């Protein structure tokens, strides 16, 4: 079998380039490597039985390489983990599931498992950023916010909801999810209804105080009405009432 042994030696580099070897357990990779080295030495010496024992060991350690078995295990682990991500959309899930099935190395799988958790984490964040959507919309801070600001917020959440919908949401990327998240955060933190009301009450109060058609107590009444107003239009309604008073 002299030739078979030479074959085992020739196939070393090739075998070492394979995933079966690459991801095999260290000890198995080493045993194979040591068998090849042993074979070379034995082949050099030329106890024909020595050549066969050498061949047997190269063939045995090689078959023992279990990188492929380790790949199946890794993929199994990834699929198990993927199913625990409650925030990614179906489209995102199938893409990940696909990348898991398409992965050729243990490192690739884990990398896919890593991106899946990151993406889910981001989706979770985007979901949290808009969990107070309805409440924010009914609040005076949103309602009396500059129209451009109110529109920016409604838009942000709209986009967010589209990305979030598990049934129709596409395979949005991590970068876009983050872009969507920032959109909601900054748009919401921009709502200035609270500030518009404070300024509204100030200008309305100062304007009333300076009106020529009002007695002082009439100004007090109106000023108090401004004080109790809960929103901008409420304030301006009082101011107008003051301008028509005679």
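Numbering follows the first chain given and starts at 1.
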Residue 46 to residue 47: deposited residues without atomic coordinates: 4 to 9
Residue range whose averaged C-alpha B-factor is higher in the record, 94-102 or 75-83: 94-102
Criterion, highest CA B-factor; candidates, 218, 192, 34, 66: 218
Chain thirds of CA B-factor: placement of residue 155: lowest
Entry-reported Cα temperature factor of residue 53, expressed as the chain third it lands in: highest
Cα B factor band for residue 140 (lowest, middle or highest third within the chain): lowest
Record-listed C-alpha B factor of residue 60: chain third: middle
Residue 27 by Cα B-factor - lowest, middle or highest third of the modelled chain: lowest
